[PDB]
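Using ideal geometry, Cβ is built from the backbone for each residue, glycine included, and neighbour counts are taken over all protein chains shown. Coordinate-derived values only; no laboratory data.
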Protein chains: 2
Amino acid sequence: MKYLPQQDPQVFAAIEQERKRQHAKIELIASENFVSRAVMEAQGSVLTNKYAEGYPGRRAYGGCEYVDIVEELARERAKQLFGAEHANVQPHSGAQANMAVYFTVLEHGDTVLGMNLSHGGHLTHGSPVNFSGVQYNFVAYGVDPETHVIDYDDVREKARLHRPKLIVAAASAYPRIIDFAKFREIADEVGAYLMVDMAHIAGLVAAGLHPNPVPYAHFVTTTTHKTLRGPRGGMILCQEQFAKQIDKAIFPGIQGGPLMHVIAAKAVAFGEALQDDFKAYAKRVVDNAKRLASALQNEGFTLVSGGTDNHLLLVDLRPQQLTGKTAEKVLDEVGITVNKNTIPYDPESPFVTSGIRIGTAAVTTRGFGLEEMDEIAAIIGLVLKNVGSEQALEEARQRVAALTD
Amino acid sequence: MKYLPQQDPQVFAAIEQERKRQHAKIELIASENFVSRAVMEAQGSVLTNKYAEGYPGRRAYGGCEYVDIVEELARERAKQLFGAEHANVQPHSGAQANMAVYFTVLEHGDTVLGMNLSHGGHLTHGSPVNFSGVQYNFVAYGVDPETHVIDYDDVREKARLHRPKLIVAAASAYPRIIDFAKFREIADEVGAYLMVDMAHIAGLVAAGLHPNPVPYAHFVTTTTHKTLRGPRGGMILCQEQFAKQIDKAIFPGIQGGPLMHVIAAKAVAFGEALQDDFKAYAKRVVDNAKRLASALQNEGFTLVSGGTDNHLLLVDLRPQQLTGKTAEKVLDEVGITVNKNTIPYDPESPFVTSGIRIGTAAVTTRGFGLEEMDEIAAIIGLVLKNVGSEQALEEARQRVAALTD
């Protein structure tokens with residue numbers, strides 16, 4: 001940076017602290033990643049200056065010729081990546097992508113069937129303190145109490161009983177492959193639309209490492225910033241038959257001017273995802289998660305569902321008589337970033353929890369491999385088996401530093 | 001830029017076209033401006049990598065120590081600028097800021113009283129194709145048919161008849177000072193909350209050039225990107241009594257993770273707005289608008305309300321027998337960017353209109369003064385009085401180029 005340090009020492013000092021923090025810590029929050037310098041430059045462009053309400057070739061205002069090229073690049077590359085008939089790259093966030101789909105097909109108080117929030121479903125999939133649960137009547141399906149895999153007979157029974165207008169599949173904390181074919185079959189039986197929120201797994205889908213929901217879902221929502229490794233924002237994919245309605249839901253429905261600089265950054269990230277090296281990256285993400293899972297089990301930890309098919313895992317801390325809150329706190333003390341997370345059938349509140357969620361997308365981006373996964377698991381074992389030993393925590397601290405340099 | 005040109009030639013080429021476009025054209029879209037290099041650098045920072053759901057010191061996840069400093073800088077500087085008891089700097093946009101306030105105080109189907117959309121009110125103030133008009137029962141107050149000033153007796157009568165839960169004041173195309181004291185008096189009479197959407201005028205308010213709604217309103221919403229000359233985004237100001245509810249409305253209510261890089265950029269822009277030179281800038285904006293208005297009248301144009309108190313003006317094109325659409329198109333041909341805009345009691349559709357909206361914020365940022373206002377008005381006269389003369393349009397083209405270099 002050249003201008004910010006002189007203009008705003010306070011903001012610059014804090015940004016620099018954050019930059020150094022991202023390098024020093026072992027980042028295991030499953031939803032996080034590190035974007036390229038190209039993506040950041042796009043976000044830092046003059047495109048922030050342009051009001052571009054509407055869509056390419058059909059904008060509210062003149063002078064959109066070049067931002068139109070940018071948005072079309074984003075849309076066409078998204079279609080290349082996921083094989084969708086239509087893309088909307090304007091949603092400001094995952095929240096707004098989901099909001100727009102709900103706005104398109106639901107009326108106030110309609111019934112929606114989503115994944116149990118304490119079993120892996122997201123806040124925007126029906127929390128009573130979120131617009132989703134306030135505006136619509138959400139009911140939930142669960143995972144099997146033993147396998148922690150989605151119970152598709154429960155999905156079916158809930159759908160048949162409650163007759164939802166919309167079924168939502170996908171999750172913030174589900175470590176296994178989701179069967180979209182079965183979701184669509186159930187949706188078809190009850191005459192419901194199917195929406196898949198692939199936010200967490202979008203990069204894996206792009207890389208052919210998780211089944212693609214696009215062929216099975218009426219609507220696919222996602223963030224651009226998780227496994228897709230793009231800027232912070234949202235996106236909607238859908239079949240051509242819903243394109244007009246979806247676009248109208250985003251604008252003039254729920255948003256105004258799009259963030260054209262972020263959309264440029266989306267295009268850049270989609271360009272990166274189309275490359276061969278992104279596919280290799282994504283395989284390492286999944287390979288690393290499986291290795292980390294196995295290594296954690298070797299340390300004596302129990303994992304939700306007994307492992308992982310994707311980028312993330314959930315440690316069930318009950319065997320160690322620890323809460324997720326306690327684990328999160330002590331790992332923070334040694335420079336490992338995780339989050340407490342409810343496990344299925346958790347006896348604790350979502351503010352305490354019996355689990356920690358871990359993902360490998362960020363550490364894989366930094367170049368960590370199988371050997372580093374082994375060491376991360378060993379450090380976690382050292383910490384969680386010795387929460388009362390300052391010497392153990394200091395050793396962990398040093399081993400974390402050794403990994404990040 | 002260093003990395004984007006190599007990584008993504010297509011995106012870079014389009015960005016460069018847009019950058020050159022912003023320099024070449026005379027930008028008179030009233031909602032637009034040019035941000036500083038410092039603001040852009042903040043947006044282009046690694047802060048995009050951080051999930052920071054929640055609020056400073058009360059986040060969902062760990063590691064937020066430094067983004068907390070950034071968000072608090074934004075909040076405290078906003079409070080300095082506007083004298084508000086509370087700030088929420090997380091809204092992704094003006095749309096989401098408004099959405100959050102509505103979510104806080106209204107139930108589905110509640111009555112809201114806003115400014116007539118064809119008289120200057122915004123899409124989010126009750127359009128039937130916007131969430132506002134779909135989710136809530138909007139009624140409208142109008143301006144006087146002769147003066148085009150808000151009819152406060154009409155505000156009062158509509159409020160007393162319809163008994164709205166909320167009254168919205170503020171506008172996207174109102175060229176005169178809004179009387180917030182009178183709005184609050186009317187709100188008090190009917191027991192309604194008052195929300196002021198100061199998006200357009202926020203920079204002028206910060207500079208003491210428009211009365212501050214903060215002392216009179218329960219809630220003040222704004223964008224950060226218009227006269228405030230900040231990054232693209234939203235903000236809510238409110239009294240302490242609503243702080244908890246407002247914060248909950250943004251998260252977990254209507255949004256998820258905030259855009260921490262944009263919030264950094266907000267802090268930077270608020271820092272700039274606190275400086276003496278921003279106050280001088282804002283005075284030039286208003287001085288320039290008044291000069292441009294006067295100069296347009298000298299050319300024989302009729303202005304809505306007969307002039308301006310702020311950054312913007314509306315030309316009533318009926319005397320010239322032109323539509324706003326026709327005017328917008330021909331001005332585009334010569335390199336002047338305006339938008340067609342409905343005038344009060346417009347005989348035309350919002351897709352055709354009898355007016356053009358013009359603002360001086362952007363040209364003032366580029367250093368234009370009174371002499372340039374005279375010339376802009378003269379070029380507009382030349383064009384609109386000679387729409388069928390290619391020689392006239394070519395002269396205009398050359399005079400526009402002379403202004404931008």
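Shown in residue order for the stretch B:146-151 are the 3J(HN,Hα) couplings computed by the Karplus curve 6.51 cos²θ - 1.76 cosθ + 1.60 at θ = phi - 60°: 9, 8, 6, 8, 3, 8 Hz (x for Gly and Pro). Between the C-alpha center of the stretch A:125-187 and that of the stretch A:263-280 there is a gap of 30 Å.
Straightening the chain between A:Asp110 and A:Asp179 buys 22.4 nm, computed as 0.36 nm per residue apart minus the Cα-Cα spacing. In the stretch B:33-283, taking the dipole from charged Cβ atoms about the Cα centre, the farthest positive-side position among B:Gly233, B:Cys64, B:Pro215 is held by B:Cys64. Residues B:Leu322, A:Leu292, ranked from the fewest to the most other C-beta atoms within 10 Å, line up as B:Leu322, A:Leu292. Relative to the current alpha-carbon distance between A:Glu16 and A:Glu394, full extension at 0.36 nm per residue lengthens the span by 133.5 nm. Taken residue by residue and averaged, Cβ atoms of other chains lying within 10 Å of the Cβ of A:18-28 number 4.
Sparsely packed loop sites in the stretch B:43-134 (the chymotrypsin sites (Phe, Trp or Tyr not before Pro) outside DSSP H, G, I, E and B with at most 11 other Cβ atoms within 10 Å) do not occur. Checking every one of the GluC sites (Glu not before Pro) in the stretch A:17-109 against DSSP loop status and a limit of 12 other Cβ atoms within 10 Å picks out A:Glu107. Label chain A by shape, choosing from rounded, prolate and oblate, from the square roots a ≥ b ≥ c of the eigenvalues of the Cα gyration tensor; if a/c is under 1.5 it is rounded, and otherwise prolate applies when a/b is larger than b/c, oblate when it is not. Oblate, because a/c is 1.5 or more while a/b does not exceed b/c.
Label-to-label distances for A:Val387 across copies, nearest first, come out at 7.5 nm, using points 7 Å from Cα in the beta-carbon direction.
Shielding of peptide A:29-35 by partners, expressed as the average count of other chain Cβ atoms within 10 Å per residue Cβ, is 4. With respect to the axis relating copies A and B by rotation, the chain A residue whose beta carbon is closest, plus that distance in Å, is A:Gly44, 1. Taking other Cβ atoms within 10 Å as a rough exposure proxy, B:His261, A:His218, B:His108, A:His162 sort from fewest to most as B:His108, A:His162, A:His218, B:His261.
Given the pairs A:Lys25/B:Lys2; A:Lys226/A:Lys283; B:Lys182/B:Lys279; A:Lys266/B:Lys50, which are separated by over 20 angstrom at their Cα positions? Over 20 Å apart, Cα to Cα: A:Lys25/B:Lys2; B:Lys182/B:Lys279.
Take A:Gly83, push a point 7 Å out from Cα through the beta-carbon direction, and compare it with the same point in every other copy: 6.2 nm, smallest first. For the stretch B:250-330, the set of chymotrypsin sites (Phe, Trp or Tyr not before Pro) satisfying both a DSSP loop assignment and a count of at most 10 other C-beta atoms within 10 Å is empty. Among B:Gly63, B:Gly359, B:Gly271, the largest mean-square fluctuation in a Gaussian network model of chain B (Cα springs under 10 Å) belongs to B:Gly63. When the charge dipole of the stretch B:33-283 is built from unit charges on Cβ atoms (+1 for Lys and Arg, -1 for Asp and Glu) and taken about the Cα centre, the candidate among B:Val168, B:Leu274, B:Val35 whose Cα reaches farthest toward its positive end is B:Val35. Other protein chain C-beta atoms within 10 Å of residue C-beta, averaged over A:47-57: 5. Once the chain from A:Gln6 to A:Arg366 is taken as fully extended at 0.36 nm per residue, the excess over their C-alpha distance is 126.6 nm. In terms of the mean number of neighbouring beta-carbon atoms within 10 Å, the peptides B:391-400, B:247-256 order highest first as B:247-256, B:391-400.
For the protein assembly as shown, the residue among A:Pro344, A:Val387, A:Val334 whose Cα projects farthest onto the positive side of the dipole built from Cβ charges is A:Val334. For the protein assembly as shown, a simple Cβ point-charge model (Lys and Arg +1, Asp and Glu -1, everything else neutral) yields a dipole of about 240 debye relative to the Cα centre. Take the Cα of B:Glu240, step 7 Å toward its Cβ, do the same at B:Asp287, and the gap between the two points is 4.0 nm.
About its Cα centre, the dipole of the stretch A:298-405 is roughly 300 debye, where the only charges are +1 on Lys and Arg Cβ and -1 on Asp and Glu Cβ. Close amide H pairs (under 5 Å, H built 1.01 Å from N) link B:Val143 with B:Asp151, residues at least 5 positions away or on another chain.
Only the Cβ atoms of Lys and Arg (+1) and of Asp and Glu (-1) were treated as charged; on that basis the dipole of the stretch B:111-222 about its Cα centre amounts to roughly 320 debye.
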